[PDB]
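Before any questions on binding or motion, here is one chain by itself as structure tokens, the form deposited in one PDB entry.
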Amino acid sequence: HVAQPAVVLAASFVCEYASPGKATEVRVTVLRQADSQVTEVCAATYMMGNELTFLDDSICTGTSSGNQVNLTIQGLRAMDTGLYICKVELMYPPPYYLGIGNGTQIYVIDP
């Protein structure tokens, strides 16, 4: 319905969305609130049926399959600490749908 925030550790944040199938164009954006400022980490646009992704930033690693699409940031460090929002947009066909999850705070430390 909306994006699924995931976290990998023992250091990655992962948005997971299941496309309706009708939708042929999908954009997953990852933003971050830290120090009184919200910021785009990265975005990626997915052509369903062509199973092809277009990453708007090099920092992230987008991946596509038949139904489900995935956008990942890896190697998070102390300064990457902040609130992480998954955003999901159904571009084409209409209707346009937007799903913004409540953020999931990430705290990182490096001994």
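Numbering starts at 1 and runs along the sequence shown. Whichever C-alpha set is largest while still superposing within 1.5 Å between the two forms counts as the rigid core.
*Asks:* In a third or more of the other compared PDB entries with flanking residues modelled, does residue 15 go missing?
*Replies:* No: coordinates for residue 15 present in every compared entry.
*Asks:* Thinking of the other compared PDB entries, is residue 56 one of those residues unmodelled in at least a third of them?
*Replies:* Result for residue 56: often missing, at least a third of the compared entries.
*Asks:* How many residues sit between residue 10 and residue 11 in the deposited sequence but have no coordinates: none, 1 to 3, 4 to 9, or 10 or more?
*Replies:* 4 to 9 residues lack coordinates between residue 10 and residue 11.
*Asks:* Output the stretch having the higher mean C-alpha B factor in the entry; the candidates are 99-107 and 16-24.
*Replies:* Between 99-107 and 16-24, it is 16-24.
*Asks:* Pick between 48-56 and 67-75: the one whose mean CA B-factor in the entry is higher.
*Replies:* Going by the record's values, the stretch with the higher mean is 48-56.
*Asks:* Where does the C-alpha B-factor of residue 6 rank in its chain, lowest, middle or highest third?
*Replies:* Tercile = lowest for this residue's CA B-factor.
A second form of this protein, the form deposited in another entry, is not displayed here; the remarks below concern that form.
*Asks:* Given a core-based superposition, decide whether the C-alpha of residue 40 shifts by 2 Å or more between this form and the one not shown.
*Replies:* Shift at residue 40: below 2 Å after core fit.
*Asks:* Superposing on the rigid core, do we see a C-alpha displacement of 2 Å or more at residue 89 between this form and the one not shown?
*Replies:* Not so; residue 89 is displaced by less than 2 Å.
*Asks:* Would you say residue 53 moves its Cα by 2 Å or more between this form and the one not shown, aligning on the core?
*Replies:* It does shift by 2 Å or more.
*Asks:* Are residue 28 and residue 52 closer or farther apart at the Cα level in the other form than shown, by 3 Å or more?
*Replies:* Here the pair is farther apart than in the other form; there, closer.
*Asks:* I want to verify one pair: residue 25 and residue 54. Are their C-alpha atoms nearer or more distant in the other form compared with the form I supplied, knowing the change is 3 Å or more?
*Replies:* Relative to this form, farther apart in the other form.
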